[PDB]
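The chain below stands alone, shown as structure tokens; this is the form deposited in one PDB entry.
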């Protein structure tokens, strides 16, 4: 079984176009390795192809090529993703090994390369953007207003499960550019609706 491989997709920022219209292409300043950057301007899931923050796709190669199994965010020397995406596996990026540094399986989080560094705090009422890296799609910022719900994990901010499951680990940002959490920790509300927690810790 092949190692999981990282692919830089986009900068981590708030996109003002998505604040205006609801969504936007992410308009990255640094080089991207995914296919949104190419002359085709289209991501190809099966192909693959640090001093700046970035959102990454997480891919694994099989006999038919790569599949994107998730996403994560590199920030201040640490790569952050969901526990269910990697399950503790080593990641590879351009020949570099990256082993896990910390996890909280209960919160569905794992960091690689140092401790957890996502500093954003969401509070009630506040709009955020999911910087969604869906399999097969170019990076997109999507404006949303999370809900505070009562869930099986407590009373938390949640977003609707409105993206591919292979978007899990994509960063969710506030207007300051801070990462309030990651997409894709599935929780169950009191009534029984499945939603994503904004996945972060305290």
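Numbering follows the first chain given and starts at 1.
From this point on, the text means the form solved in complex with a small molecule, which you will not see here.
K.L.:
Is it the case that residue 106, even though its partner is missing from this view, gets within 4.5 Å of the small molecule in the deposited complex, heavy atoms only?
P.N.:
Looking in the deposited complex, residue contacts with the small molecule include residue 106, since a heavy atom lies within 4.5 Å.
K.L.:
Looking at the partner-bound form in the deposited complex, is residue 164 within 4.5 Å of the small molecule by any heavy atom?
P.N.:
It does not: once the small molecule is placed as it appears in the deposited complex, residue 164 has no heavy atom within 4.5 Å of it.
K.L.:
Does residue 153 reach the small molecule in the deposited complex, with heavy atoms at most 4.5 Å apart?
P.N.:
Although the small molecule is absent here, residue 153 would touch it in the deposited complex, with heavy atoms inside 4.5 Å.
K.L.:
Counting only heavy atoms and a 4.5 Å cutoff, which of 88-96, 68-76, 108-116, 122-130 contacts the small molecule in the deposited complex?
P.N.:
Of the stretches listed, the one contacting the partner is 108-116.
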